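Presented as structure tokens, the chain that follows is alone, the form deposited in one PDB entry.
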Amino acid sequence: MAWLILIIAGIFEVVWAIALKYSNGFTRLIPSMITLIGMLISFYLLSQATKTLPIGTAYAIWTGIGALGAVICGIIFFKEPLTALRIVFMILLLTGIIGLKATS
């Protein structure tokens, strides 16, 4: 459940991350607003998850979901080159996340 909250925190993290670059200099109302909300929610759910999860693990999985969402979105949406290296790295990242959840 804290792991589910952590997944969702990483999701809102990547969402506010990209809505941040879609806001120019924090001036476009709708994107700046998405970022504000997603920041509040990402960090709030992250704190809630840290209440019951080890900090070095919760932070690492949160950052990992941030990075994986960032890449997955770049490849899918913003037309990013999918390399063998990036595939191997996403595999390492998912394996790390899954194996961390698997040693609870």
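Numbers follow the displayed sequence, beginning with 1.
This next part talks about the form deposited in another entry, which is not shown.
* **Selected hinge residue, 39, 60, 47, 74 [rigid parts, motion between this form and the one not shown]** => Selected hinge residue from the list: 74.
* Closer or farther: how do the CA atoms of residue 49 and residue 92 lie in the other form, compared with the form shown, if the change is at least 3 Å? -> Relative to this form, farther apart in the other form.
* Note on residue 60-residue 99 C-alpha separation in the other form, which departs from the shown form by 3 angstroms or more -> Closer: residue 60 and residue 99 approach by 3 Å or more in the other form.
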